[PDB]
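A single chain comes next, written as structure tokens; it is the form deposited in one PDB entry.
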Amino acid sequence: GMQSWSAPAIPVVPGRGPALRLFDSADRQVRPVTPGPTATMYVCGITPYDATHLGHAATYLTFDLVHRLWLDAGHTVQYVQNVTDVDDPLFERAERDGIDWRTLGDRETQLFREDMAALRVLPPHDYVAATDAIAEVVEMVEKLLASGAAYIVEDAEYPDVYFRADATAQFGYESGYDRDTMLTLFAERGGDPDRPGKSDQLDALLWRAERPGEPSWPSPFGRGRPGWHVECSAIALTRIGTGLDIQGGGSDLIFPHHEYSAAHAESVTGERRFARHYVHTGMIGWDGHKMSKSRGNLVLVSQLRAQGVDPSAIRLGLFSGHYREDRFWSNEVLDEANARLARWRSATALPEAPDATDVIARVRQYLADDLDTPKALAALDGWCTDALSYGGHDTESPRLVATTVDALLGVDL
């Protein structure tokens, strides 16, 4: 659909380690990721404003690990990401910034492209803009109208189409929150608990009808725009199908977003489980709020690259913590990545070093354990201390360690 970014080289490392075990946010426990021969991943993409902040980075870098660890095990991978190129935050940024919303999003998607290519994240295989996915969303919203799972609000001028929360008996399994806590998040994450004519406070917009002053598209439900959640479950369903191994994104999406996407797809395919694994991750600004230009807490990787930070240092930086930990960027973390990058690059430049077959198996093992990069970086800190301090005799373990750090981690040594 849309052009993504370019793929870095992917060396193949001989051998295999343990199969991936990931934490599933839904079941609140670590279960094995058992994929098919074609392994499938959908990660919620960007809303094209605020370039690539470290929250975006931390997120797509984490699924890079899954992407890469899957490839090393021998799986072929179908990775679909999306762009929310029409969205209410986007319009608010456009109107404040005195710039057109489409011109904004196109330039911001371009900035994301370059930051991902700079960070050596493997591209998705289908890159789908939300505006390029109206037909799929209409075709879906038709099917939930037919099953009564959706309805049209009693508003002839603004005939919004809404999704019944109880359209599905298992609604709430992924998020796990009670109704009181679900309500108060809905209002803080771009939803309408006060919209008149609604059957349930927690029903989610499926098709927002034409408002004056707003872009829109024709449909059997009137003219207007799609809703957020149905966008992603539509693209996910049509490009992959009922057997989705991983659904991932930033942490805010545990609810509403991912809860409702699953609810939509399950209500139309009859499936009980939309995704075998729900995976969430994220960075926060210095203030404990999500990063945004509005808050004055935005750090762009573009600004770090300008500050002269190696893109690999950004990887080691963010990987120094576990992905379900409370990651925070700082000059402290930047220096540990810079020292760690220096230390690793000198060991891999040695003429001969001790055998590495072991430390490769320890790294393959730590990553398969819910992506345990803290313990995987330390095993490499140790193979480096032994090599620099004491030396070895494999004239091949330098290059082998370099190229396995590249394949599995994306770090360029």
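What we label the rigid core is the largest C-alpha set whose atoms superpose within 1.5 Å from one form to the other. Only residues modelled in both forms are compared. When you see a residue number, it is the position in the sequence shown, counting from 1.
The protein also exists as the form deposited in another entry; that form is not presented, and the subsequent description refers to it.
In a rigid core superposition between this form and the one not shown, 285 is the single residue of 250, 176, 285, 311 whose Cα is displaced by 2 Å or more. Superposition of the core reveals a Cα shift of 2 Å or more for residue 49 between this form and the one not shown. Between residue 335 and residue 50, the Cα distance is greater in the other form than in this structure, by no less than 3 angstroms. One change in the other form concerns residue 288 and residue 257, whose Cα atoms lie at least 3 Å farther apart than in this form. Under a 2 Å criterion for C-alpha shift, the consecutive stretches of 3+ residues that differ between this form and the one not shown after core superposition lie at 49 to 52, 97 to 99, 282 to 292.
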